[PDB]
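Below, in structure tokens: the form deposited in one PDB entry, a single chain.
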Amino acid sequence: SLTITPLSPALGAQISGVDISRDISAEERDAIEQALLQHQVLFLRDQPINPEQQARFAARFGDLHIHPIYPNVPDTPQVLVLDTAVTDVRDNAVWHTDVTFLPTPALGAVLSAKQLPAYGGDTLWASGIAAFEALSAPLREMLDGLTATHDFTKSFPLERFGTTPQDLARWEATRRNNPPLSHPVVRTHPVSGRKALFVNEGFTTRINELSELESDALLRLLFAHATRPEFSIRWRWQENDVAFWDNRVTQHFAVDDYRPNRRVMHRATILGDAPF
């Protein structure tokens, strides 16, 4: 009755037969967690939910993160209201792993679909575990143990189509407050111990132990490699979908093909520890 149906060999699974708007049992919570450990990104369909519920469900998997930036519902502040009619989304022209420019990148996130365009707006996910596993032996050896700079500043969109309000000052603010830092290039999953590539085009600027030119060659290699179809899935949203993914060993990509159409999601972020 609780059911896990894999979307592909590399990553992703749909879950059915457990109502996450209610309090879930420890057997359920565990099975879900094992699922997440295995398939890295998890989808539940036909699972309508509210902030309180969303917050409670997410909390069962890590301590939640209530933040200043972005929208927050009036009742629960630990659920962001991402709304097209308001905010903007030019932060996703490239593959991302979330907040890798933090010492302490999020463990993952739980995201519910509220209002969707007729179509468009897919999200892709890629597995750092599958992608790594597929590199040549010599290359896994060279990379495992190297480190990489992740830097918020790489997120700078500014005037591409010039949506940015005179307040590009929020952006400047976040910059001055989050200095570049480093994470392993090959990461070991804190819980499963499985190894994943942990560089993403969103924030990774440099492999520290290689020279600029080598770094640039290698990252160009690794960005294209990590995001090949073999290591990714593509989700077409439906309303009342819930996506639950492990941000420690995946990237994702929001396809921008639906503007000006309105899109409303609710996100709950689960705090993560130190990548190693």
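Note that residue numbering follows the sequence shown and begins at 1. Shifts are known only where both forms have a C-alpha. Whichever C-alpha set is largest while still superposing within 1.5 Å between the two forms counts as the rigid core.
Although it is not shown, the form deposited in another entry is what the next lines describe.
Enquirer: Please name the single residue among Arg175, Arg140, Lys114, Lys154 whose Cα shifts by at least 2 Å between this form and the one not shown after core superposition.
Expert: By this measure, the answer is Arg175.
Enquirer: Taking the rigid core as reference, does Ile69 move its C-alpha 2 Å or further between this form and the one not shown?
Expert: The answer is yes, as the C-alpha of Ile69 shifts between this form and the one not shown by 2 Å or more after core alignment.
Enquirer: When the rigid core is used for the superposition, does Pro165 move between this form and the one not shown (threshold: C-alpha shift of 2 Å or more)?
Expert: Where the cores coincide, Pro165 still shows a C-alpha shift between this form and the one not shown that is 2 Å or more.
Enquirer: Once you compare with this form, do the C-alpha atoms of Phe161 and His150 lie closer or farther in the other form, given a change of 3 Å or more?
Expert: Compared with the shown chain, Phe161-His150 is closer in the other form.
Enquirer: Relative to what is shown, are the Cα atoms of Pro157 and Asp257 closer or farther apart in the other form, where the gap shifts by 3 Å or more?
Expert: Result: farther.
Enquirer: Fit the two forms on the core and write out the ranges of at least 3 consecutive residues whose every CA moves by 2 Å or more between this form and the one not shown.
Expert: After core superposition, the displaced runs are 68-70, 156-176.
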